[PDB]
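Just the one chain here, the form deposited in one PDB entry, laid out as structure tokens.
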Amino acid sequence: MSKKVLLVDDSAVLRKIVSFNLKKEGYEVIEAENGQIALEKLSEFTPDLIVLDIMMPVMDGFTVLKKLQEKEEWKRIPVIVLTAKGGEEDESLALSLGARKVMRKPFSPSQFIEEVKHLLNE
């Protein structure tokens, strides 16, 4: 049904499966193959939740989170980071870089959704 989600990942295989789980709960989703695309797609509308991963080619997840947290409309839109980097420093570099939740990869889709639910229902 209602809530939108911007899903940003240089991975197609991963976008598919994250998307499948999202729409299974009603949400609609807009993909973003990278950081540039992510923001280009963003000047157009405002997602109610964002799913961002870190390592990608044109512009990375770190810079993306940055531009988010330095702008008034964007500051407030919650972000779940999905990264393969577990190193608990990376997590702080992410929360301090704006993120509202960090989730390690590999991840449980059910948990992930369980997280995506709470963040849409604060």
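A residue's number is simply how far along the shown sequence it sits, counting from 1. Only residues modelled in both forms are compared. Note that the rigid core is defined as the largest set of C-alphas that superpose within 1.5 Å between two forms.
This protein has a second form, the form deposited in another entry, left out of what is shown; the following refers to that one.
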Sole residue of 77, 59, 30, 39 shifting 2 angstroms or more in CA between the shown form and the other one, core aligned: 59
Rigid core fit then residue 88 CA moved by 2 Å or more between the shown form and the other one: yes
Residue pair residue 85, residue 65 - Cα distance in the other form, closer or farther (3 Å or more): farther
Relative Cα spacing, residue 87 and residue 31, in the other form - shift of 3 Å or more: closer
Mobile segments between the shown form and the other one - rigid core superposition, Cα shift of 2 Å or more, 3+ residues: 55 to 59, 85 to 91
